[PDB]
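Report on the following structure.
We place every Cβ from the backbone using ideal geometry, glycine too, and count neighbours over all the protein chains shown. What follows is calculated from the coordinates using simple rules that are stated; it is not laboratory data.
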Amino acid sequence: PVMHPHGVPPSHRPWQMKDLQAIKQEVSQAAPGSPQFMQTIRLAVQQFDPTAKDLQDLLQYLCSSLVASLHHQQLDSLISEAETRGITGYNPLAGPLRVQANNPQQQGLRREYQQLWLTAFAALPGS
């Protein structure tokens, strides 16, 4: 999670199991990628402002190996497309996207990365 205390640089803290369990008890009420799941996983991203690494750690905790694999494959396609477009706050000469999305100072880029990660869940549900 990325924290925003007043007057000092933003800082990363690791997930705590109580964070993860509280997220699971909400998100896992619904099928992955369903509208209900999307509301609750978006709320978790809002509350915790996670880095790219945090998001993979969260995916691997919440989802089965198969579901995580489907998500990761879709995300890697979305990232390729986004890099071709260009991404807010992202200078590719200053580090790979995923690395920069772990630098707490790169807020704009992290927030965009979060939206890509959230959008990747659209590959999961049945209509």
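Does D19 satisfy being in contact with a strand residue (DSSP E or B) (Cβ under 9 Å, 6 or more places away or on another chain), surrounded by 15 or more Cβ atoms within 10 Å (Cβ to Cβ) and farther than 18 Å from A123 by Cβ?
Details: in contact with a strand residue (DSSP E or B) (Cβ under 9 Å, 6 or more places away or on another chain): no; surrounded by 15 or more Cβ atoms within 10 Å (Cβ to Cβ): yes; farther than 18 Å from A123 by Cβ: yes.
Considered against the rule, which asks whether it is in contact with a strand residue (DSSP E or B) (Cβ under 9 Å, 6 or more places away or on another chain), surrounded by 15 or more Cβ atoms within 10 Å (Cβ to Cβ) and farther than 18 Å from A123 by Cβ, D19 comes out as no.
Selection of segment 65-102 for residues being polar (S, T, N, Q), outside any helix (DSSP H, G or I) and either under 21 Å from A31 (Cβ atoms) or touching a residue at least 12 places away in the same chain (Cβ under 8 Å) (or both) yields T88, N102.
One residue stands out among those in segment 22-31 that are of a type in the set (A, V, I, L, M, F, W, C) and surrounded by 15 or more Cβ atoms within 10 Å (Cβ to Cβ): the one that is farthest from the chain's Cα centre (by Cα), which is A30.
Among the residues of segment 1-47, just one is out of contact with any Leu (no Cβ under 8 Å at 6 or more places or on another chain), under 15 Å from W117 (Cα atoms) and among the aliphatic types (A, V, I, L, M), namely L43.
Say whether the condition of being closer than 13 Å to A122 by Cα, in contact (Cβ under 8 Å) with a residue 12 or more places away in the chain and either crowded, with 19+ Cβ neighbours inside 10 Å or among the aliphatic types (A, V, I, L, M) (or both) is met by at least one residue in segment 43-64.
Looking for residues that are closer than 13 Å to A122 by Cα, in contact (Cβ under 8 Å) with a residue 12 or more places away in the chain and either crowded, with 19+ Cβ neighbours inside 10 Å or among the aliphatic types (A, V, I, L, M) (or both), one finds none in segment 43-64, hence no.
Summed over segment 1-21, residues that are under 22 Å from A52 (Cβ atoms), out of contact with any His (no Cβ under 6 Å at 6 or more places or on another chain) and of a type in the set (A, V, I, L, M) total 3. Sort out which residues of segment 99-110 are within 15 Å of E83 (Cα to Cα) and either among the polar types (S, T, N, Q) or surrounded by 15 or more Cβ atoms within 10 Å (Cβ to Cβ) (or both), and write them in order of number. Across segment 99-110, the qualifying residues are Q100, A101, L109, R110.
Do we find a residue being assigned to a loop (DSSP other than H, G, I, E, B), touching a residue at least 60 places away in the same chain (Cβ under 8 Å) and crowded, with 19+ Cβ neighbours inside 10 Å anywhere in segment 32-42? Yes, the conditions are met somewhere in segment 32-42.
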